[PDB]
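The file start09.cif contains mmCIF, C-alpha atoms:
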```cif
data_query
loop_
_atom_site.label_atom_id
_atom_site.label_comp_id
_atom_site.auth_asym_id
_atom_site.auth_seq_id
_atom_site.Cartn_x
_atom_site.Cartn_y
_atom_site.Cartn_z
CA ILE A 1 8.19 -4.45 18.52
CA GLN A 2 5.26 -2.50 17.06
CA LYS A 3 4.73 0.34 14.58
CA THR A 4 2.43 3.30 15.36
CA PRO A 5 -0.12 4.26 12.67
CA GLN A 6 0.30 7.44 10.64
CA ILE A 7 -3.03 9.10 9.75
CA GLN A 8 -4.32 11.54 7.13
CA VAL A 9 -7.92 12.78 7.01
CA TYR A 10 -8.94 14.41 3.72
CA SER A 11 -11.66 14.73 1.11
CA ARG A 12 -11.55 12.96 -2.28
CA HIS A 13 -12.48 16.19 -4.06
CA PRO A 14 -11.84 19.82 -3.07
CA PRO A 15 -14.61 20.50 -0.53
CA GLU A 16 -17.40 22.93 -1.33
CA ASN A 17 -20.02 23.53 1.33
CA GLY A 18 -23.33 21.94 0.30
CA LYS A 19 -21.80 19.54 -2.28
CA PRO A 20 -21.62 15.73 -1.74
CA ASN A 21 -18.10 14.38 -1.43
CA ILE A 22 -16.12 11.55 0.18
CA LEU A 23 -14.08 11.85 3.36
CA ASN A 24 -11.03 9.58 3.59
CA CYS A 25 -9.09 8.36 6.57
CA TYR A 26 -5.83 6.89 5.26
CA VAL A 27 -3.98 4.84 7.88
CA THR A 28 -0.44 3.57 7.25
CA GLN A 29 2.77 2.33 8.88
CA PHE A 30 1.15 0.07 11.48
CA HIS A 31 1.94 -3.43 12.75
CA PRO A 32 0.30 -5.71 14.02
CA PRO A 33 -2.49 -5.65 11.40
CA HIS A 34 -5.39 -5.56 13.88
CA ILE A 35 -6.77 -2.00 13.99
CA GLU A 36 -9.97 -0.17 14.90
CA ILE A 37 -11.00 2.90 12.89
CA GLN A 38 -14.02 5.13 13.45
CA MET A 39 -15.00 8.30 11.62
CA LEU A 40 -16.72 10.99 13.65
CA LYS A 41 -19.03 13.90 12.88
CA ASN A 42 -19.29 16.59 15.55
CA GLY A 43 -17.93 14.04 18.06
CA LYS A 44 -20.34 11.21 17.21
CA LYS A 45 -19.56 7.94 15.44
CA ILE A 46 -20.54 7.89 11.75
CA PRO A 47 -22.51 4.68 11.10
CA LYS A 48 -21.70 3.83 7.48
CA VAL A 49 -17.93 3.88 7.01
CA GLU A 50 -16.50 1.72 4.26
CA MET A 51 -13.11 0.06 4.61
CA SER A 52 -10.67 -0.96 1.87
CA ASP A 53 -9.16 -4.43 2.12
CA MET A 54 -5.90 -4.27 4.05
CA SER A 55 -2.58 -4.38 2.21
CA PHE A 56 1.06 -4.17 3.28
CA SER A 57 4.19 -2.45 1.98
CA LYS A 58 7.75 -3.60 1.45
CA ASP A 59 8.73 -2.45 4.99
CA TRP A 60 6.11 -5.01 6.25
CA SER A 61 3.79 -2.32 7.67
CA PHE A 62 0.05 -2.41 6.91
CA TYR A 63 -2.17 0.22 5.30
CA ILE A 64 -5.91 0.78 4.86
CA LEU A 65 -8.33 3.40 3.57
CA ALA A 66 -11.50 4.16 5.49
CA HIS A 67 -14.03 6.35 3.75
CA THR A 68 -17.52 7.74 4.07
CA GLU A 69 -19.94 9.87 2.08
CA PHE A 70 -20.43 13.39 3.44
CA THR A 71 -21.63 16.83 2.46
CA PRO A 72 -19.40 19.42 4.16
CA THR A 73 -20.69 22.60 5.76
CA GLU A 74 -19.01 25.68 7.11
CA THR A 75 -19.20 24.49 10.76
CA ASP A 76 -19.44 20.64 10.91
CA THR A 77 -16.37 19.01 12.42
CA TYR A 78 -15.01 15.68 11.14
CA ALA A 79 -12.40 13.38 12.61
CA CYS A 80 -10.91 9.93 12.35
CA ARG A 81 -10.17 8.00 15.53
CA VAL A 82 -7.75 5.07 15.48
CA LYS A 83 -7.16 2.43 18.15
CA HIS A 84 -3.94 0.38 17.80
CA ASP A 85 -1.81 -1.65 20.28
CA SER A 86 1.23 0.53 19.54
CA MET A 87 -0.59 3.41 21.26
CA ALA A 88 -1.71 3.66 24.90
CA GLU A 89 -4.87 5.56 23.91
CA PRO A 90 -6.87 5.98 20.67
CA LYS A 91 -5.60 8.74 18.35
CA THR A 92 -8.11 11.28 17.02
CA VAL A 93 -7.11 13.28 13.92
CA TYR A 94 -9.28 16.19 12.76
CA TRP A 95 -10.14 17.03 9.17
CA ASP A 96 -8.59 20.33 8.07
CA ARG A 97 -10.34 21.60 4.91
CA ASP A 98 -7.01 23.15 3.76
CA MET A 99 -4.94 19.95 3.97
CA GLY B 1 10.00 -1.13 -20.20
CA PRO B 2 10.13 -3.38 -17.11
CA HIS B 3 7.30 -5.48 -15.62
CA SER B 4 6.70 -7.52 -12.45
CA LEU B 5 4.57 -10.22 -10.87
CA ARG B 6 4.54 -10.31 -7.07
CA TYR B 7 2.44 -12.04 -4.41
CA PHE B 8 2.08 -10.51 -0.93
CA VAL B 9 0.99 -13.15 1.56
CA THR B 10 -0.19 -12.74 5.16
CA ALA B 11 -1.07 -15.33 7.81
CA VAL B 12 -2.24 -14.09 11.20
CA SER B 13 -3.00 -16.30 14.20
CA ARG B 14 -6.00 -15.37 16.35
CA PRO B 15 -6.10 -17.62 19.45
CA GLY B 16 -9.66 -17.68 20.82
CA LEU B 17 -10.99 -15.97 17.69
CA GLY B 18 -10.90 -18.99 15.37
CA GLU B 19 -8.55 -20.28 12.67
CA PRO B 20 -5.63 -18.14 11.41
CA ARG B 21 -6.43 -15.69 8.65
CA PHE B 22 -4.61 -16.29 5.37
CA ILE B 23 -4.60 -13.63 2.64
CA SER B 24 -2.76 -13.78 -0.68
CA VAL B 25 -2.73 -10.85 -3.06
CA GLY B 26 -1.18 -10.90 -6.52
CA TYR B 27 0.14 -7.80 -8.29
CA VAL B 28 1.05 -7.19 -11.94
CA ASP B 29 3.27 -4.09 -12.42
CA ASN B 30 2.32 -3.14 -8.85
CA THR B 31 -1.45 -3.38 -9.57
CA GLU B 32 -3.70 -5.82 -7.61
CA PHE B 33 -5.07 -8.49 -10.01
CA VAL B 34 -6.02 -11.51 -7.82
CA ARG B 35 -6.93 -11.98 -4.13
CA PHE B 36 -7.58 -14.94 -1.82
CA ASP B 37 -8.92 -14.43 1.72
CA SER B 38 -9.55 -17.34 4.07
CA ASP B 39 -12.25 -15.35 5.90
CA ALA B 40 -14.72 -15.47 3.00
CA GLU B 41 -17.59 -18.00 3.37
CA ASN B 42 -16.17 -19.87 0.37
CA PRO B 43 -12.45 -18.94 0.13
CA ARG B 44 -11.23 -18.73 -3.50
CA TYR B 45 -8.89 -16.61 -5.60
CA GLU B 46 -10.97 -13.88 -7.22
CA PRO B 47 -10.14 -11.53 -10.11
CA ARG B 48 -9.40 -7.98 -8.97
CA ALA B 49 -8.95 -6.58 -12.47
CA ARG B 50 -11.54 -6.99 -15.26
CA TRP B 51 -8.97 -8.44 -17.68
CA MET B 52 -8.53 -11.45 -15.37
CA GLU B 53 -12.18 -12.41 -15.95
CA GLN B 54 -10.87 -14.19 -19.10
CA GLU B 55 -9.16 -16.99 -17.18
CA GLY B 56 -11.25 -20.16 -17.19
CA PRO B 57 -12.34 -22.27 -14.20
CA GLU B 58 -9.29 -24.60 -14.35
CA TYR B 59 -7.04 -21.60 -13.60
CA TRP B 60 -9.11 -20.41 -10.62
CA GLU B 61 -9.32 -23.96 -9.24
CA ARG B 62 -5.56 -24.58 -9.50
CA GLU B 63 -4.77 -21.21 -7.90
CA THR B 64 -7.37 -21.72 -5.13
CA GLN B 65 -5.99 -25.20 -4.35
CA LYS B 66 -2.52 -23.69 -3.85
CA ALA B 67 -3.95 -21.00 -1.55
CA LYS B 68 -6.00 -23.44 0.60
CA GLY B 69 -2.98 -25.76 0.76
CA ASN B 70 -0.71 -22.95 1.94
CA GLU B 71 -3.37 -21.59 4.28
CA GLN B 72 -3.07 -24.87 6.15
CA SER B 73 0.72 -25.08 5.82
CA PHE B 74 1.07 -21.49 7.16
CA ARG B 75 -1.21 -22.43 10.11
CA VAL B 76 1.38 -25.10 10.98
CA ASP B 77 4.25 -22.62 10.36
CA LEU B 78 2.75 -20.27 12.95
CA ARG B 79 2.82 -23.10 15.52
CA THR B 80 6.34 -24.05 14.34
CA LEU B 81 7.56 -20.48 15.01
CA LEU B 82 5.97 -20.39 18.48
CA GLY B 83 8.38 -23.27 19.23
CA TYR B 84 11.42 -21.72 17.52
CA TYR B 85 10.96 -18.51 19.53
CA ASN B 86 9.63 -20.17 22.73
CA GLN B 87 6.43 -18.07 22.71
CA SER B 88 3.03 -18.80 24.33
CA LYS B 89 -0.04 -20.12 22.48
CA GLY B 90 -2.16 -17.16 23.62
CA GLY B 91 -0.76 -14.32 21.48
CA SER B 92 -1.45 -13.21 17.91
CA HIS B 93 1.49 -13.49 15.49
CA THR B 94 2.02 -12.74 11.78
CA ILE B 95 3.95 -14.30 8.94
CA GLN B 96 4.36 -12.16 5.83
CA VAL B 97 5.96 -13.03 2.50
CA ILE B 98 6.76 -11.06 -0.65
CA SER B 99 7.55 -13.26 -3.69
CA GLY B 100 8.09 -12.68 -7.37
CA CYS B 101 9.97 -11.56 -10.44
CA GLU B 102 10.86 -8.28 -12.06
CA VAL B 103 11.58 -8.64 -15.80
CA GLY B 104 13.21 -6.13 -18.13
CA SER B 105 11.96 -4.99 -21.52
CA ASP B 106 14.09 -7.81 -23.03
CA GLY B 107 12.15 -10.45 -21.06
CA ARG B 108 15.12 -11.28 -18.85
CA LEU B 109 14.86 -11.48 -15.05
CA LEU B 110 16.16 -8.28 -13.43
CA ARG B 111 15.41 -9.38 -9.88
CA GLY B 112 13.73 -12.39 -8.28
CA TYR B 113 12.73 -12.21 -4.64
CA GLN B 114 11.34 -14.29 -1.79
CA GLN B 115 11.32 -12.37 1.51
CA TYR B 116 9.73 -13.53 4.79
CA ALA B 117 8.88 -11.64 7.95
CA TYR B 118 7.70 -12.82 11.35
CA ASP B 119 5.86 -10.24 13.47
CA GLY B 120 6.93 -7.49 11.05
CA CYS B 121 10.67 -8.18 11.15
CA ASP B 122 12.89 -9.86 8.56
CA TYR B 123 13.02 -13.62 8.96
CA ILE B 124 14.61 -15.21 5.86
CA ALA B 125 15.24 -14.12 2.24
CA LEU B 126 16.54 -15.60 -1.01
CA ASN B 127 19.81 -13.95 -2.03
CA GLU B 128 20.34 -12.07 -5.31
CA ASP B 129 22.16 -15.18 -6.66
CA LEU B 130 18.83 -17.07 -6.42
CA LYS B 131 20.84 -19.94 -4.84
CA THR B 132 21.52 -19.10 -1.18
CA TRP B 133 19.58 -17.82 1.86
CA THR B 134 19.98 -14.98 4.32
CA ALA B 135 18.63 -15.82 7.78
CA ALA B 136 17.99 -12.71 9.90
CA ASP B 137 18.10 -14.48 13.29
CA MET B 138 18.78 -17.83 15.05
CA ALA B 139 15.27 -19.19 14.39
CA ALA B 140 15.57 -18.54 10.65
CA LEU B 141 18.76 -20.63 10.67
CA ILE B 142 16.54 -23.69 11.39
CA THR B 143 14.38 -22.95 8.33
CA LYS B 144 17.51 -22.27 6.26
CA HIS B 145 18.93 -25.72 7.09
CA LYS B 146 15.60 -27.39 6.27
CA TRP B 147 15.54 -25.59 2.90
CA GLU B 148 19.18 -26.21 1.89
CA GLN B 149 18.61 -29.90 2.57
CA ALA B 150 15.29 -29.89 0.67
CA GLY B 151 16.82 -28.13 -2.36
CA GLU B 152 14.19 -25.41 -1.98
CA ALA B 153 16.23 -22.63 -3.61
CA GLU B 154 16.37 -24.66 -6.85
CA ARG B 155 12.60 -25.25 -6.88
CA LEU B 156 12.03 -21.53 -6.13
CA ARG B 157 14.55 -20.38 -8.75
CA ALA B 158 12.68 -22.46 -11.37
CA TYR B 159 9.47 -20.65 -10.39
CA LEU B 160 11.11 -17.20 -10.43
CA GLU B 161 13.05 -17.67 -13.71
CA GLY B 162 10.41 -19.81 -15.44
CA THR B 163 6.80 -20.07 -14.21
CA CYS B 164 6.67 -16.48 -12.90
CA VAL B 165 8.17 -14.97 -16.06
CA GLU B 166 5.86 -17.00 -18.33
CA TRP B 167 2.68 -16.22 -16.39
CA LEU B 168 3.66 -12.54 -16.22
CA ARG B 169 3.83 -12.61 -20.03
CA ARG B 170 0.31 -14.13 -20.17
CA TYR B 171 -1.20 -11.62 -17.69
CA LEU B 172 0.38 -8.64 -19.49
CA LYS B 173 -1.12 -9.82 -22.79
CA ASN B 174 -4.59 -9.63 -21.24
CA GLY B 175 -3.89 -6.56 -19.10
CA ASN B 176 -1.40 -4.32 -20.96
CA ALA B 177 -4.11 -2.07 -22.47
CA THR B 178 -5.53 -1.46 -18.98
CA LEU B 179 -2.20 -1.40 -17.09
CA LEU B 180 -0.79 1.18 -19.52
CA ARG B 181 -3.07 3.99 -18.33
CA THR B 182 -1.37 6.96 -16.69
CA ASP B 183 -3.17 10.00 -15.30
CA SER B 184 -1.09 13.17 -15.27
CA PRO B 185 -1.50 15.43 -12.20
CA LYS B 186 -3.76 18.48 -12.35
CA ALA B 187 -2.28 21.23 -10.17
CA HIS B 188 -3.44 24.40 -8.36
CA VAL B 189 -2.13 26.72 -5.65
CA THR B 190 -4.09 27.70 -2.54
CA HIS B 191 -3.46 30.66 -0.25
CA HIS B 192 -3.77 30.59 3.56
CA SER B 193 -2.98 33.14 6.26
CA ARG B 194 -0.10 32.80 8.74
CA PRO B 195 0.44 35.00 11.79
CA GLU B 196 1.92 38.46 11.15
CA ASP B 197 3.18 39.22 7.63
CA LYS B 198 3.37 35.67 6.28
CA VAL B 199 1.18 33.45 4.14
CA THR B 200 1.17 29.76 3.25
CA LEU B 201 1.14 28.76 -0.41
CA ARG B 202 0.08 25.16 -0.90
CA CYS B 203 0.67 23.47 -4.25
CA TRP B 204 -1.76 20.64 -4.94
CA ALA B 205 -1.33 17.76 -7.37
CA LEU B 206 -4.59 15.87 -7.92
CA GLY B 207 -5.95 13.06 -10.06
CA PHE B 208 -2.62 11.47 -10.86
CA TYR B 209 -1.85 7.84 -11.37
CA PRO B 210 1.33 6.14 -10.66
CA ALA B 211 1.73 7.46 -7.08
CA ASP B 212 5.34 8.53 -7.81
CA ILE B 213 5.59 12.33 -7.97
CA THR B 214 7.86 15.19 -6.89
CA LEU B 215 6.72 18.68 -5.88
CA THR B 216 9.10 21.58 -5.38
CA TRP B 217 8.83 25.27 -4.64
CA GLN B 218 11.35 27.73 -6.03
CA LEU B 219 12.20 31.36 -5.36
CA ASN B 220 13.76 32.54 -8.66
CA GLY B 221 15.25 29.31 -10.00
CA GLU B 222 16.48 27.98 -6.63
CA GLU B 223 14.60 25.14 -4.87
CA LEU B 224 13.46 25.67 -1.26
CA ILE B 225 14.71 22.24 -0.14
CA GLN B 226 14.05 23.32 3.48
CA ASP B 227 11.14 25.02 5.35
CA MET B 228 8.77 23.32 2.92
CA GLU B 229 6.02 21.13 4.42
CA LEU B 230 4.51 18.23 2.49
CA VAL B 231 2.23 15.24 2.89
CA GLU B 232 2.82 11.62 2.01
CA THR B 233 1.17 10.80 -1.32
CA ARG B 234 -2.34 9.45 -0.66
CA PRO B 235 -5.14 7.63 -2.52
CA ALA B 236 -8.14 9.71 -3.59
CA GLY B 237 -10.05 6.41 -3.36
CA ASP B 238 -10.97 6.28 -7.04
CA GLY B 239 -7.65 4.83 -8.25
CA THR B 240 -5.92 8.22 -8.42
CA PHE B 241 -3.52 9.91 -5.98
CA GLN B 242 -3.05 13.28 -4.23
CA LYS B 243 -0.09 15.20 -2.84
CA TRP B 244 0.74 18.71 -1.67
CA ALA B 245 3.75 20.80 -0.77
CA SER B 246 3.55 24.14 1.02
CA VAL B 247 5.87 27.08 1.72
CA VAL B 248 5.63 30.11 3.98
CA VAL B 249 6.27 33.39 2.12
CA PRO B 250 6.02 37.14 2.83
CA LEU B 251 2.62 38.74 2.41
CA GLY B 252 2.71 40.59 -0.91
CA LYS B 253 5.46 38.41 -2.39
CA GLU B 254 3.34 35.42 -3.49
CA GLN B 255 4.08 36.03 -7.19
CA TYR B 256 7.83 35.53 -6.58
CA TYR B 257 7.34 31.79 -5.98
CA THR B 258 6.63 28.98 -8.43
CA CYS B 259 5.60 25.40 -7.82
CA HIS B 260 7.18 22.60 -9.87
CA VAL B 261 5.35 19.27 -10.33
CA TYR B 262 7.35 16.27 -11.69
CA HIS B 263 5.54 13.11 -12.84
CA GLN B 264 6.20 10.37 -15.41
CA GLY B 265 2.93 11.34 -17.15
CA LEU B 266 4.18 14.88 -17.67
CA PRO B 267 6.15 15.43 -20.92
CA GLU B 268 7.49 18.52 -19.15
CA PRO B 269 7.17 19.48 -15.46
CA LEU B 270 4.24 21.72 -14.49
CA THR B 271 4.91 25.33 -13.60
CA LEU B 272 2.41 27.30 -11.58
CA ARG B 273 2.06 30.10 -9.04
CA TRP B 274 -0.56 31.67 -6.79
CA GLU B 275 -3.28 33.42 -8.73
CA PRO B 276 -6.06 35.27 -6.87
CA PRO B 277 -9.67 34.34 -7.85
CA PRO B 278 -10.81 35.59 -11.29
CA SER C 1 0.49 -17.97 -10.69
CA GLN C 2 1.06 -18.53 -6.98
CA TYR C 3 4.20 -20.28 -5.74
CA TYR C 4 3.42 -23.31 -3.61
CA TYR C 5 5.33 -22.38 -0.44
CA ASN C 6 7.55 -24.73 1.58
CA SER C 7 7.30 -25.06 5.37
CA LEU C 8 9.31 -23.13 7.93
#
```

Turn this file's structure into structure tokens for me.
Amino acid sequence: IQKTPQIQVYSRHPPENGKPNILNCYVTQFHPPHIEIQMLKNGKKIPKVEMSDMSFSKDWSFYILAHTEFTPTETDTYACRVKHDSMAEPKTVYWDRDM
Amino acid sequence: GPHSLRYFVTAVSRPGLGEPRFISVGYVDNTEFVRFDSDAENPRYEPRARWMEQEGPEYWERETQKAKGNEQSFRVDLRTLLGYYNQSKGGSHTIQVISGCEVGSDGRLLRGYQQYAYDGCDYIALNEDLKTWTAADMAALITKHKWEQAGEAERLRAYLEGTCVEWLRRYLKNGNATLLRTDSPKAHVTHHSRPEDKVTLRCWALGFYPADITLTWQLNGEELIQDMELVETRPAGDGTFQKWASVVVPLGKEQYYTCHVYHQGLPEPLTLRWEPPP
Amino acid sequence: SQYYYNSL
């Protein structure tokens, strides 16, 4: 029996167009621990994405923080795509500036 | 107040991808302070807080020898469980353990625990009495019988009541001044359109430490404990946390609502409302 | 200080 990852995509600081920032992809509530996480800009894989070490919570499920440096603009689209055995296809979650 | 020392341990088999991965992470008052990972070129416990840098080489050696020893013993355990559950050698499986002590302000043990999981489900646990075991399934009954015969609960209890408590005292001495830090949340309200004559007010709490926080919206002095959306509290990535709670309100009535932010770092809860730009 | 774990 497997647990499906919950995902949040969000900036470290309130985003201001033109100002360097960090985009986070926080992935939780998954088991088994093997997982594949990509961050995407305008549909294309972002090359330098850093990954926290993986940890787990008292319910046994794993969690990890992926992050990358970015400078937001009015029109650039960002997403986090997650591949896990609990899901039949990879899940893509889009960054919403307001969330 | 209360303190704790816990180790979270993971062993994951990887048939056809090499030896099982073994990770052990220690926490003081829920903060990571040591880590061992078998996938490093030279596996060793490493400090994960600056105040651990004080411990001399004999400490790191002793700790690392326990980790390497259990890495190998957990490798065997994974094979042992394949037999208990009649599973094939081709799949990946996980053993997880949470161990440790919570101590009160008086230095007495409040709770000692030793909880195992196999493939993310409860396997075996030490009872609150620190003397008996709870086996979650048939397989865990085999381990239980091995342990009751070995007098394992007594060895473990000694660790939980003695070793663990004493080392927690030592770590806190070195770490208290760092561990004590709390960052109170900074809050602001944002305004977003909804269809028709409604708007979303979103109350943000940023920059806070201990993750624990409560956000509420009120109309008058009554809490809107329904129709309010929120997110799970999340790391900013710099050691601080974020959360928000939103409500849908009538256009023109934004000033009738107030957000309440409750945190341990706040002497009194924050009160705020939507304010249009200066 | 890590506990030295028993076997399953």

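Note that CA of residue 31 in chain A and CA of residue 239 in chain B are 24.5 Å apart.
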
Considering all atoms listed in the file, return as a PDB file with C-alpha atoms, keeping the file's coordinate frame whatever protein or nucleic-acid residues lie within 8 Å of range 85-97 of chain B, sequence-local ones (same chain, fewer than 3 positions apart) excluded.
```pdb
ATOM      1  CA  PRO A  32       0.300  -5.710  14.020  1.00  0.00           C
ATOM      2  CA  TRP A  60       6.110  -5.010   6.250  1.00  0.00           C
TER       3      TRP A  60
ATOM      4  CA  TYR B   7       2.440 -12.040  -4.410  1.00  0.00           C
ATOM      5  CA  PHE B   8       2.080 -10.510  -0.930  1.00  0.00           C
ATOM      6  CA  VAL B   9       0.990 -13.150   1.560  1.00  0.00           C
ATOM      7  CA  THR B  10      -0.190 -12.740   5.160  1.00  0.00           C
ATOM      8  CA  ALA B  11      -1.070 -15.330   7.810  1.00  0.00           C
ATOM      9  CA  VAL B  12      -2.240 -14.090  11.200  1.00  0.00           C
ATOM     10  CA  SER B  13      -3.000 -16.300  14.200  1.00  0.00           C
ATOM     11  CA  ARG B  14      -6.000 -15.370  16.350  1.00  0.00           C
ATOM     12  CA  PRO B  15      -6.100 -17.620  19.450  1.00  0.00           C
ATOM     13  CA  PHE B  74       1.070 -21.490   7.160  1.00  0.00           C
ATOM     14  CA  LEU B  78       2.750 -20.270  12.950  1.00  0.00           C
ATOM     15  CA  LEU B  81       7.560 -20.480  15.010  1.00  0.00           C
ATOM     16  CA  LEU B  82       5.970 -20.390  18.480  1.00  0.00           C
ATOM     17  CA  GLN B 114      11.340 -14.290  -1.790  1.00  0.00           C
ATOM     18  CA  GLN B 115      11.320 -12.370   1.510  1.00  0.00           C
ATOM     19  CA  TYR B 116       9.730 -13.530   4.790  1.00  0.00           C
ATOM     20  CA  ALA B 117       8.880 -11.640   7.950  1.00  0.00           C
ATOM     21  CA  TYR B 118       7.700 -12.820  11.350  1.00  0.00           C
ATOM     22  CA  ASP B 119       5.860 -10.240  13.470  1.00  0.00           C
ATOM     23  CA  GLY B 120       6.930  -7.490  11.050  1.00  0.00           C
ATOM     24  CA  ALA B 139      15.270 -19.190  14.390  1.00  0.00           C
TER      25      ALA B 139
END
```

Could you list, with a cut-off of 12 Å and counting all atoms listed in the file, the residues of chain A near chain B, each shown with its nearest atom pair and the distance in Å rounded to one decimal, rows sorted by chain and ascending number, as JSON lines?
```
{"residue": "A:1", "atom": "CA", "partner": "B:119", "partner_atom": "CA", "distance": 8.0}
{"residue": "A:2", "atom": "CA", "partner": "B:120", "partner_atom": "CA", "distance": 8.0}
{"residue": "A:3", "atom": "CA", "partner": "B:120", "partner_atom": "CA", "distance": 8.9}
{"residue": "A:6", "atom": "CA", "partner": "B:232", "partner_atom": "CA", "distance": 9.9}
{"residue": "A:7", "atom": "CA", "partner": "B:232", "partner_atom": "CA", "distance": 10.0}
{"residue": "A:8", "atom": "CA", "partner": "B:234", "partner_atom": "CA", "distance": 8.3}
{"residue": "A:9", "atom": "CA", "partner": "B:234", "partner_atom": "CA", "distance": 10.1}
{"residue": "A:10", "atom": "CA", "partner": "B:236", "partner_atom": "CA", "distance": 8.7}
{"residue": "A:11", "atom": "CA", "partner": "B:236", "partner_atom": "CA", "distance": 7.7}
{"residue": "A:12", "atom": "CA", "partner": "B:236", "partner_atom": "CA", "distance": 4.9}
{"residue": "A:13", "atom": "CA", "partner": "B:236", "partner_atom": "CA", "distance": 7.8}
{"residue": "A:14", "atom": "CA", "partner": "B:206", "partner_atom": "CA", "distance": 9.6}
{"residue": "A:21", "atom": "CA", "partner": "B:236", "partner_atom": "CA", "distance": 11.2}
{"residue": "A:22", "atom": "CA", "partner": "B:237", "partner_atom": "CA", "distance": 8.7}
{"residue": "A:23", "atom": "CA", "partner": "B:236", "partner_atom": "CA", "distance": 9.4}
{"residue": "A:24", "atom": "CA", "partner": "B:237", "partner_atom": "CA", "distance": 7.7}
{"residue": "A:25", "atom": "CA", "partner": "B:235", "partner_atom": "CA", "distance": 9.9}
{"residue": "A:26", "atom": "CA", "partner": "B:234", "partner_atom": "CA", "distance": 7.3}
{"residue": "A:27", "atom": "CA", "partner": "B:234", "partner_atom": "CA", "distance": 9.8}
{"residue": "A:28", "atom": "CA", "partner": "B:234", "partner_atom": "CA", "distance": 10.0}
{"residue": "A:29", "atom": "CA", "partner": "B:120", "partner_atom": "CA", "distance": 10.9}
{"residue": "A:30", "atom": "CA", "partner": "B:120", "partner_atom": "CA", "distance": 9.5}
{"residue": "A:31", "atom": "CA", "partner": "B:120", "partner_atom": "CA", "distance": 6.7}
{"residue": "A:32", "atom": "CA", "partner": "B:119", "partner_atom": "CA", "distance": 7.2}
{"residue": "A:33", "atom": "CA", "partner": "B:94", "partner_atom": "CA", "distance": 8.4}
{"residue": "A:34", "atom": "CA", "partner": "B:12", "partner_atom": "CA", "distance": 9.5}
{"residue": "A:50", "atom": "CA", "partner": "B:237", "partner_atom": "CA", "distance": 11.0}
{"residue": "A:51", "atom": "CA", "partner": "B:237", "partner_atom": "CA", "distance": 10.6}
{"residue": "A:52", "atom": "CA", "partner": "B:237", "partner_atom": "CA", "distance": 9.1}
{"residue": "A:53", "atom": "CA", "partner": "B:37", "partner_atom": "CA", "distance": 10.0}
{"residue": "A:54", "atom": "CA", "partner": "B:23", "partner_atom": "CA", "distance": 9.6}
{"residue": "A:55", "atom": "CA", "partner": "B:8", "partner_atom": "CA", "distance": 8.3}
{"residue": "A:56", "atom": "CA", "partner": "B:8", "partner_atom": "CA", "distance": 7.7}
{"residue": "A:57", "atom": "CA", "partner": "B:8", "partner_atom": "CA", "distance": 8.8}
{"residue": "A:58", "atom": "CA", "partner": "B:98", "partner_atom": "CA", "distance": 7.8}
{"residue": "A:59", "atom": "CA", "partner": "B:120", "partner_atom": "CA", "distance": 8.1}
{"residue": "A:60", "atom": "CA", "partner": "B:120", "partner_atom": "CA", "distance": 5.5}
{"residue": "A:61", "atom": "CA", "partner": "B:120", "partner_atom": "CA", "distance": 6.9}
{"residue": "A:62", "atom": "CA", "partner": "B:120", "partner_atom": "CA", "distance": 9.5}
{"residue": "A:63", "atom": "CA", "partner": "B:234", "partner_atom": "CA", "distance": 11.0}
{"residue": "A:64", "atom": "CA", "partner": "B:235", "partner_atom": "CA", "distance": 10.1}
{"residue": "A:65", "atom": "CA", "partner": "B:237", "partner_atom": "CA", "distance": 7.7}
{"residue": "A:66", "atom": "CA", "partner": "B:237", "partner_atom": "CA", "distance": 9.2}
{"residue": "A:67", "atom": "CA", "partner": "B:237", "partner_atom": "CA", "distance": 8.1}
{"residue": "A:68", "atom": "CA", "partner": "B:237", "partner_atom": "CA", "distance": 10.6}
{"residue": "A:69", "atom": "CA", "partner": "B:237", "partner_atom": "CA", "distance": 11.8}
{"residue": "A:85", "atom": "CA", "partner": "B:92", "partner_atom": "CA", "distance": 11.8}
{"residue": "A:97", "atom": "CA", "partner": "B:192", "partner_atom": "CA", "distance": 11.2}
{"residue": "A:98", "atom": "CA", "partner": "B:192", "partner_atom": "CA", "distance": 8.1}
{"residue": "A:99", "atom": "CA", "partner": "B:244", "partner_atom": "CA", "distance": 8.1}
```

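Note that CA of residue 247 in chain B and CA of residue 200 in chain B are 5.6 Å apart.
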
- Query: Could you write out as a PyMOL selection string the residues that the PyMOL selection byres ((chain B and resi 276) around 12) matches in the shown file?
  - Reply: chain B and resi 188-192+201+252+254-255+273-275+277-278

- Query: Do you know which residues the PyMOL selection byres ((chain B and resi 129-132) around 12) returns on this file, as a PyMOL selection string?
  - Reply: chain B and resi 100-101+109-115+124-128+133-135+144-145+147-149+151-161

- Message: Expand the PyMOL selection byres ((chain B) within 6 of (chain C)) into the explicit residue set it covers here, and present it as number ranges by chain.
- Response: B: 66, 77, 143

- Within 12 Å of residue 180 in chain B, counting all atoms listed in the file, which residues show up once you throw out same-chain ones fewer than 4 positions away? Write them as an MDAnalysis selection string, please. chainID B and resid 1 3 28:31 172:176 209:210 265

- Message: For a test of reading the model, state the distance in Å between CA of residue 69 in chain B and CA of residue 165 in chain B, rounded to one decimal.
- Response: 22.9 Å

Neighbour list for range 73-77 of chain A as a PDB file with C-alpha atoms, in the coordinates of the input, cut-off 7 Å, all atoms listed in the file, skip fewer than 2 positions in-chain:
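New file part18.pdb:
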```
ATOM      1  CA  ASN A  17     -20.020  23.530   1.330  1.00  0.00           C
ATOM      2  CA  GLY A  18     -23.330  21.940   0.300  1.00  0.00           C
ATOM      3  CA  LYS A  41     -19.030  13.900  12.880  1.00  0.00           C
ATOM      4  CA  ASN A  42     -19.290  16.590  15.550  1.00  0.00           C
ATOM      5  CA  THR A  71     -21.630  16.830   2.460  1.00  0.00           C
ATOM      6  CA  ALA A  79     -12.400  13.380  12.610  1.00  0.00           C
TER       7      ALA A  79
END
```
